[PDB]
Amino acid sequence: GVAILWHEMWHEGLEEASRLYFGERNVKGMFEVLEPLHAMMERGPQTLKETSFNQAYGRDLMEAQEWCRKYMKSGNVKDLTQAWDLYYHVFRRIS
């Protein structure tokens, strides 16, 4: 039960992030789990299973980061919810 593959990592990663932000109001803590996962996408896929994940969900996840960057500049929490609407879409399809 250790997350090697990207869909496994993104599943428990978003579950941890969502618990921190919505459950406990921890915005900084929510980014600390998100930002490393997004950074591994930006490095790029190695395996076939990583590439097929990036084809399916990579555009949605990169858009969710762009909304997260818009929250950092603006400060309006409405931008942060738009990211979490995209994060929920990718979570259910993995689930």
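The numbering used is simple: start at 1 and walk along the sequence shown.
**OP:** Could you look up the Cα B-factor of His11 in the entry and say which third of the chain it sits in: lowest, middle or highest?
**Re:** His11: CA B-factor falls in the lowest third of its chain.
Original post:
Among the modelled residues of its chain, does the C-alpha B-factor of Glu63 lie in the lowest, middle or highest third?
Top reply: Highest third of the chain for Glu63's C-alpha B-factor.
Original post:
By the record's CA B-factor, is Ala56 among the lowest, middle or highest third of residues in the chain?
Top reply: Middle third.
**OP:** Ordered by C-alpha B-factor within the chain, which third holds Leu5? Give me lowest, middle or highest, please.
**Re:** According to the entry, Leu5 has a C-alpha B-factor in the chain's lowest third.
Subject >> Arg43 by Cα B-factor - lowest, middle or highest third of the modelled chain >> reply: For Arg43, whose C-alpha B-factor we compare with every modelled residue in the chain, the answer is the highest third.
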